[PDB]
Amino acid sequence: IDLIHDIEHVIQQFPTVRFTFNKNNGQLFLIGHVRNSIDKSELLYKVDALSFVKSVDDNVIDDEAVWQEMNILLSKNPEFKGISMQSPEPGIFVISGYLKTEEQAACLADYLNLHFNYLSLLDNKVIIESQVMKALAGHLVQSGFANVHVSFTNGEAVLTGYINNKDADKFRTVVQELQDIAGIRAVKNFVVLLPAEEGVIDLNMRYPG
């Protein structure tokens, strides 16, 4: 029982790690995930140090080898090369980046189905560009700017069109709020500010050609 407490003192430091210890032959069987091969070596050498452990059967996954391997596969795929995988902790994988459409999103899911061994542990954070653009276009319409047109690629929103000169401060506000959405890193504003036509006609009359 002090044996159980001694193994636990070690393995508790490596969340997800589990074991079985066979007292007939002194064998420890380990399973689960660690952050990287450095953590793995720490784990193995600490359990080995336990004087009652004669052998270690090591089935622990190095999560770093796992996501690095996957990033190598995605990198070679022209469809997915802006997509990468990480792990913010043992046993949790996170896939992130931008795709253009829902169809490319479905292609990626199929791909990961065929290539990735830990789907049940995978968190999906990929941003779909076609979706972000509906969100943006809907905010502009809500606000009275239907009017202003938007494109969106790779975290970058581009605005074009024309606004009424009166509307400058309302629009500045609408642009602030578009910055605080989903996977938006930058807004590039090319919208023209129209002056009152009557005001232009009038400056045409009082200055020489």
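When you see a residue number, it is the position in the sequence shown, counting from 1.
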*Which of the two stretches, 63-71 or 42-50, shows the higher mean Cα temperature factor in the record?*
42-50
*Segment of higher mean CA temperature factor, 193-201 or 14-22*: 193-201
*asked:* For the CA B factor values reported in this entry, which option in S84, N117, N77, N124 has the top one?
replied: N77
*Is the Cα B-factor recorded for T173 in the lowest, middle or highest third of its chain?*
highest
*Sort the modelled residues of this chain by their C-alpha B factor and say whether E156 lands in the lowest, middle or highest third.*
middle
_Which third, lowest, middle or highest, does the C-alpha temperature factor of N147 belong to within its own chain?_
highest
_Chain-wide C-alpha B factor ranking for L112, given as lowest, middle or highest third_ = lowest
*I31, C-alpha B-factor rank within chain (lowest, middle or highest third)*: lowest
